[PDB]
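Enquirer: Here you go, one structure.
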Amino acid sequence: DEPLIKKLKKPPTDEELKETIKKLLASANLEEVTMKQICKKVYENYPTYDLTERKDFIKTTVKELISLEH
């Protein structure tokens with residue numbers, strides 16, 4: 001053990017979270033995407049994170065883009 005340290009571990013600001021999703025819908029039909037797919041992909045980019053509150057936002061970011069921007 002020596003090189004293993006890990007010092008960076010913070011949640012991505014909304015600018016980052018939204019960016020991740022903006023990439024998901026940008027690769028799929030909004031009316032054909034569901035909140036379930038957003039959480040799956042989103043986590044893919046946010047694996048080492050405890051997205052709990054900001055998570056409810058992600059799913060809501062697409063669900064609102066499909067109802068107010070299908």
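A note on labels: chains of the structure tokens are A, B, ... as shown, every chain counts residues from 1, and ligands are counted from 1 in their shown order.
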As an MDAnalysis selection string, list the residues of chain A assigned to helix (DSSP H, G or I) by DSSP on the backbone atoms of this structure.
Expert: chainID A and resid 14:25 30:32 35:45 53:67
Enquirer: Can I get the selected residues back with C-alpha atoms, as a PDB file, in the first residue's frame?
Expert:
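Saved result, selection_34.pdb, follows:
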ATOM      1  CA  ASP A  14     -26.259  20.628 -10.909  1.00  0.00           C
ATOM      2  CA  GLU A  15     -24.256  21.866 -13.923  1.00  0.00           C
ATOM      3  CA  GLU A  16     -22.573  18.436 -14.057  1.00  0.00           C
ATOM      4  CA  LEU A  17     -25.585  16.258 -13.163  1.00  0.00           C
ATOM      5  CA  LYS A  18     -27.821  17.977 -15.742  1.00  0.00           C
ATOM      6  CA  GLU A  19     -25.019  17.652 -18.321  1.00  0.00           C
ATOM      7  CA  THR A  20     -24.962  13.859 -17.836  1.00  0.00           C
ATOM      8  CA  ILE A  21     -28.732  13.627 -18.437  1.00  0.00           C
ATOM      9  CA  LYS A  22     -28.734  16.156 -21.302  1.00  0.00           C
ATOM     10  CA  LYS A  23     -26.519  13.530 -22.968  1.00  0.00           C
ATOM     11  CA  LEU A  24     -28.982  10.695 -22.267  1.00  0.00           C
ATOM     12  CA  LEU A  25     -32.111  12.274 -23.798  1.00  0.00           C
ATOM     13  CA  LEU A  30     -37.915  11.993 -25.153  1.00  0.00           C
ATOM     14  CA  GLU A  31     -41.402  10.458 -25.499  1.00  0.00           C
ATOM     15  CA  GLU A  32     -39.716   7.026 -25.644  1.00  0.00           C
ATOM     16  CA  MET A  35     -37.588   7.967 -15.499  1.00  0.00           C
ATOM     17  CA  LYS A  36     -36.262   4.413 -15.013  1.00  0.00           C
ATOM     18  CA  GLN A  37     -33.802   4.714 -17.929  1.00  0.00           C
ATOM     19  CA  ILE A  38     -32.577   8.113 -16.676  1.00  0.00           C
ATOM     20  CA  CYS A  39     -31.666   6.739 -13.227  1.00  0.00           C
ATOM     21  CA  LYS A  40     -29.856   3.755 -14.794  1.00  0.00           C
ATOM     22  CA  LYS A  41     -27.689   5.778 -17.213  1.00  0.00           C
ATOM     23  CA  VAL A  42     -27.247   8.729 -14.824  1.00  0.00           C
ATOM     24  CA  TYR A  43     -25.776   6.426 -12.151  1.00  0.00           C
ATOM     25  CA  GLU A  44     -23.443   5.042 -14.843  1.00  0.00           C
ATOM     26  CA  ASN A  45     -21.774   8.478 -14.846  1.00  0.00           C
ATOM     27  CA  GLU A  53     -31.607  14.322  -3.375  1.00  0.00           C
ATOM     28  CA  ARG A  54     -29.831  15.436  -6.559  1.00  0.00           C
ATOM     29  CA  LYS A  55     -30.999  12.070  -7.918  1.00  0.00           C
ATOM     30  CA  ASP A  56     -34.716  12.816  -7.488  1.00  0.00           C
ATOM     31  CA  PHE A  57     -33.826  15.901  -9.551  1.00  0.00           C
ATOM     32  CA  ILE A  58     -32.173  13.973 -12.411  1.00  0.00           C
ATOM     33  CA  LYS A  59     -35.201  11.702 -12.933  1.00  0.00           C
ATOM     34  CA  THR A  60     -37.396  14.819 -12.670  1.00  0.00           C
ATOM     35  CA  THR A  61     -35.200  16.627 -15.235  1.00  0.00           C
ATOM     36  CA  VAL A  62     -36.191  14.131 -17.955  1.00  0.00           C
ATOM     37  CA  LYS A  63     -39.758  13.451 -16.761  1.00  0.00           C
ATOM     38  CA  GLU A  64     -40.327  17.226 -16.996  1.00  0.00           C
ATOM     39  CA  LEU A  65     -38.600  17.451 -20.387  1.00  0.00           C
ATOM     40  CA  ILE A  66     -40.915  14.707 -21.672  1.00  0.00           C
ATOM     41  CA  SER A  67     -44.081  16.416 -20.386  1.00  0.00           C
TER      42      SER A  67
END
Enquirer: Would you pick out the contacts of residue 49 of chain A at 10 Å or less, using only C-alpha atoms, so that residues sharing its chain but fewer than 6 positions from it are not included, and give the list as a PyMOL selection string?
Expert: chain A and resi 9-12+43
Enquirer: So what do you get for atom CA of residue 7 of chain A versus atom CA of residue 46 of chain A, distance-wise?
Expert: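 Those two atoms sit 16.8 Å apart.
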Enquirer: Atom CA of residue 51 of chain A and atom CA of residue 6 of chain A are how many Å apart?
Expert: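 Between atom CA of residue 51 of chain A and atom CA of residue 6 of chain A the gap works out to 19.1 Å.
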